[PDB]
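Structure below; questions to follow.
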Amino acid sequence: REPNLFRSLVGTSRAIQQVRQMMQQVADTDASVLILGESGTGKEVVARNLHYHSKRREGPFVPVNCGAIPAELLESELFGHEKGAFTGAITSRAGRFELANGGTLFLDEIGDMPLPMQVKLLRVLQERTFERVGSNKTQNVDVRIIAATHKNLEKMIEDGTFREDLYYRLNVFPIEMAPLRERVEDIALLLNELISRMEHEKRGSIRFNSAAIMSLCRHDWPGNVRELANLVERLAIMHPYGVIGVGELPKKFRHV
Amino acid sequence: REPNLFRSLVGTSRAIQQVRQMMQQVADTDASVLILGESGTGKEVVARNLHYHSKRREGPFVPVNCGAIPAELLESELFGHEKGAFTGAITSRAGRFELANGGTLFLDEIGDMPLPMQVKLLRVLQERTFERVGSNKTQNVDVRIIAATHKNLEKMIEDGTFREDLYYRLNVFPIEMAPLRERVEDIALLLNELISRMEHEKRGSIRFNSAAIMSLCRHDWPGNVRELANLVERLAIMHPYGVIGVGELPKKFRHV
Amino acid sequence: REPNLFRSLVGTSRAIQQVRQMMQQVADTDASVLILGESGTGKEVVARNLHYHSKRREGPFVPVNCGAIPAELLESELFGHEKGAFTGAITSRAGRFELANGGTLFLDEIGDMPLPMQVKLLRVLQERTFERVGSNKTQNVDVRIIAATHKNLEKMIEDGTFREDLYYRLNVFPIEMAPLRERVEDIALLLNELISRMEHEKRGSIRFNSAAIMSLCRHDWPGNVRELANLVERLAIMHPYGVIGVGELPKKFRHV
Amino acid sequence: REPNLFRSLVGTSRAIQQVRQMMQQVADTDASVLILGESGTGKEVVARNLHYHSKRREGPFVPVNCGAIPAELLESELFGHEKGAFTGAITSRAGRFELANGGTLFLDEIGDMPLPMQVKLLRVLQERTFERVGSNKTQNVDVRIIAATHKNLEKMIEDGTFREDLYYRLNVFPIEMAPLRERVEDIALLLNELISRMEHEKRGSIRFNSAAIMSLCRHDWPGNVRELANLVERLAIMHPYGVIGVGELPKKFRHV
Amino acid sequence: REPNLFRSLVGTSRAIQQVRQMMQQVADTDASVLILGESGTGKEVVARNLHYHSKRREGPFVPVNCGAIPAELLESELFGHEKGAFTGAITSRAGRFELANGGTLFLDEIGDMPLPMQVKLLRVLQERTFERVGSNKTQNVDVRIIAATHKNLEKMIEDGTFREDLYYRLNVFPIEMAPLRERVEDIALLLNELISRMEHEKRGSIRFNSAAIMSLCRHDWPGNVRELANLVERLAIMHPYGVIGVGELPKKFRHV
Amino acid sequence: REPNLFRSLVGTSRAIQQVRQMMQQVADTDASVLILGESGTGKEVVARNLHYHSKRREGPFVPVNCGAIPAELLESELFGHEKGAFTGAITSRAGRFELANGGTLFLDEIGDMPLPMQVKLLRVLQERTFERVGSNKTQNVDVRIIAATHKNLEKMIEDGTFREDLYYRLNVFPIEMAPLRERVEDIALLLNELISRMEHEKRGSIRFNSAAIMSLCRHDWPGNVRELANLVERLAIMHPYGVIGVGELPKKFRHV
């Protein structure tokens, strides 16, 4: 497809070793999972996996980042409106819970997802149903829940904004991501992984010379694995077939 | 092997078309062939072919450029010395006529090959034999003769140095090469041919960007196809995997 | 996808060199471009490029050949009908200007596009808006315009049918295509380009022997690059894996 | 290398299944093996295997077909002459027993190998040594023996020519080859095996259309697997890249 | 796409040879074809072919297995409902005859397709039209008919359930499939065919060792080619990159 | 060829980074180089490189491990005997200094190379010549010297056995290898490097599952890179095409 994320649990480091260990624990289960760590540390891929090697791989998988949807529509996107009961609901659409009936569904920066919405959220993981936008009726739903916030919820609770009964039911399996800069053993490795995706995205393929590679083991990766993903995609279309490096990368990681 | 010459009769141009036409004429035959044209215009390859699609492909093929051998040894290299009859002949070696018995044998810049030697040469293509260094005996030899001089023999005759009975027996099939710079339709074409050899010579492979390619269609090629061959080999080891161009080639063909 | 056009600005010839030169001129710009030349001389590809290496590659690209659409619908296809204001408009569709908001949009044989329609056309490149089918309202539109007529407009003007103010605003960048038969240096080249597309279209791959290739450098190509494209596609499905040639091509280019 | 034999124990048929069964029996052993069957039924390959999956793969393997060597030299080729003790022995050469010390050594059409020579042969597999040409000395030799005659020895014994004590020591493990025409399940299979060798022998690769393949399942194969090997090699150089068939093969197997 | 069926008329055996012979007979024709044999013996592929090498390949191809659709909807799926004339017909859908106008349409286990429906069926292959769900109007239709029942119709007729005038018009070309277990020459062959599909379905590729292959030539294949297809797909995702066998397959075909 | 060593300066770790740094220092030079570190830590490859990116790549390279040659012959192997001046010198052979005239020559565990021999050694790097076995004559020699001892020479000096003037002239460029177990960042990396060699050594190719890989990052590598090289070669012939791991490796690195 067009996604921009890949095989990403490749790795030597003990860092990523133990995050794989984490994954073993919880992989038999239908119970909820919470992924914590900085953004762009490959959370989605961690989830996407849990799906496949679940008992429900044959079903669907819905990602929804609560970030990018505005606040007002957030309810219909998730639950669904029968045409008319929402001022300007022209379509009899389905929510993502409708959609994910069968497989699992993925939630991004839950710490973002508003106080009003997270209440209803509590229901459906206790209620076993939900009511569409403007409907007195409850609908049966088999769905496994995975969610990922970049933020700390222990402090989201004290501050109020997060309800301590959501949290109680989502921490059956904590998994804690490691930032890429704690994983530098593993740079090289997935860089291979990368051009092996991209080689079949665009005309061409690149290759990093050792010069720029060490240089990439230098950097911060505040944006982590996602940041790097963006970067490799750029050059793979920018100079295709070419070597890469030595200093053909952004003037930023010009590192000694 | 380690040779540095290739598939080289690739080509659109009428120039190389008619040199292929030439090849058709003479390809059924066991009779001698003379190839004329500048050096490094791929003569050898023209011969090497005539061999394969002869009736004798299953036999051998000996190249000898009269240039690079010194003058004194020229006779033993070609005819062979029984140990002792040459002051310091420690080995009972064979000549190239011994060697090429069966297949064919290739002679470079015949215009170079000394007056003394070319006399004996006349013999064996009339004599049907030759005598080794220091031997009263004649040896039966089945060999087809191909030869290539960069120089004009019509003027080698008037000036003396070439015997008009050699020439009479070698022009059963003239073939006249076209200099590469008369063949620029065909640059691109064999450039492909080239990295397809070299890709399996060294680690890597290159690729020319369109920038440098037009730039290569500019140049003289005084050294012709051979010159270009040397050039592609250089960069294929120099920067491997990389793009080539735009101006990574020698400061020479920096051409607008 | 299923298109049947490719990498096609491959080429040695000065012909295609200067048509690439043309492309350099106008590639920074948002201003209109007019491509002139015979049909099937690869015009679309010339446009498609200008898009990618524009500032708007990330947007869309809409091709519409005024030829194949009938005359009556031509307005709604381009501007769009709100259900009902067109006798039998059941759908609230969008036009191609709606569609191309963001990227650029491509027009074929403008010399065909009727007198009535080209008037409205003038508006939107001056008006900065357009009104849908049966709507009193104007809609803001950011779109760059490229168009290609096989016909001569200087004579389309004298004859009347083309308005001299369209033409004034479309000739900011003329580009003039070269017919394939003026580009025979370049046949071979893109023939490679071709089986390298098609090899991943169908089971198999072909290859042209030198016999049929020279034979293809013979031909007219009244249909030019498009004609050849059709031809290679045919055999690539007709005899797959096979050699091609010598006379397995249509009895037409049977050429000495 | 240049051999012309391959992976050839590929196969569905019960015929070749049981000849593989045979191979299992005897594969642990250092004791002699006799392979019986028509020529060109791939005997050598059957041996070559037994070597590799012996305990001595790390050693050498010498093939000698008693056929192609003349009768007089047969002794020195096998045992070796110290320069001078053979009228015209200029070289202090080694025999094949010298040579195969370590690995194993392969003998073809033993039924051919003369009465005089097979006597000495008996010695070394009992004697544990041999004496070079013109030497009073015996030399220690560790060698495993495999041999293959196209002919029946039970009748070679009655007729005299074969000694009943050779035979007694060589039938520790009989293996009996199946003629290719008893193995037609398996044609297709190794035909794949074939172009997968040859594809890396010469420029190109071929492919058989279904037409000619059934046609090849028709034929006798008096020459068996070897015959077919010769055949595939021919076309792989004859028409390269091309389809093969339908009737591009020799006018012989033109079969309905 | 996601189908799970392939190149499947690969084969040595006389069994599959004559089923290919069958295909030759009827391939010029627009007249109806009936395919008989057990399920999962690759019927669809036999049809899909007849399409391509028909005169109508450029058109569409609709498969409909009368099995999996319930009984009540069977009419609208095939003929199509204008919104409203069917209690709960919200959509103005098309039938498969609408759909297949142009190409051909495929019917599975006709022996299943109910008495009521097969009457109307008779009409359209005589009537040259059909009437949508709840419409007094007849619609012109150019469609070629192929159908496949696992069951015997001669006994479907005596028992009643099948009308002897359907049958009369469908047996212009009988083709009779051979069960896979009558085709064991051909196992190996298409197994190759298989990983060559699947290698481009999922990450990886497998390979069968000879151990498990003979073991697969053992089995029943009550499910025939389809059964095997399911099987190869399983392991290709189960253990990817790995060898397969020896006993990594289901405990079922554990065969001596 | 048949060597069993590869591309081996692949690596993330600071360990191997600084050993590459070392290499930069000394790469312009003709002066002697000493490589210290445990055996099997890839010393040869470190040298082999220095050659290529020297000014003398176009020349030869001779490896001689003083270990495996016995003590008595050590002089002729290095210097060369004219037939007769050594009791049983039948051949007029050349030494390795003869041989390496032009390129460079490599010496293994110099700490092994006997007191007698290392004296003469001193000469030639001061003398600029050497005398063959049994010759009053000195021969001019242009050779660059690289040598590698597993042992510590500072203590080889105190103990006597190593002469403090050898050492003075060999430490123009020290390079100090890092044991593989200090380089575990880099395991994975060169493991790739490995099957990419071996894939073209034997039929097949393997692949390590993540299971066994972490397990390989566990181990000691007393034998270091060489040890691992031996290991990968083993399985690449042992189980070919297969996965490797999880515990198909020797019962030794069975590591938790």
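By written order: A, B, C, D, E and F. Residues from 1 in each chain.
The definition used in the following text is that contacts are C-beta pairs under 8 Å (C-beta built on N, C-alpha and C of every residue); 3 or more make two chains touch, one makes a residue touch a chain.
Engineer: Touching chain B and chain C alike: which chains?
Structural biologist: Under the touch definition, chain B and chain C have no mutual neighbours whatsoever.
Engineer: Would you say A-B or D-E is joined by more C-beta pairs in contact?
Structural biologist: D-E
Engineer: What whole-number Å value describes the gap between the mean CA coordinates of chain B and chain E?
Structural biologist: From the centre of chain B to the centre of chain E is 62 Å.
Engineer: Once you find the CA centre of chain A and the CA centre of chain E, what distance in Å lies between them?
Structural biologist: Chain centres of chain A and chain E, defined by C-alpha means, are spaced 41 Å apart.
Engineer: Given which chains touch which, is the overall layout a line, a ring, a star, complete, or other?
Structural biologist: Contact pattern: a closed ring, each chain touching exactly two others.
Engineer: Should the ring be read from chain A with chain B in second place, what is the ordered list of chains?
Structural biologist: A, B, C, D, E, F
Engineer: Which chain E residues qualify as touching chain F in the complex?
Structural biologist: Residues 207, 239, 241-243.
Engineer: Within their complex, state which residues of chain E touch chain D.
Structural biologist: 12, 17, 184-185, 187-189, 192, 214, 217
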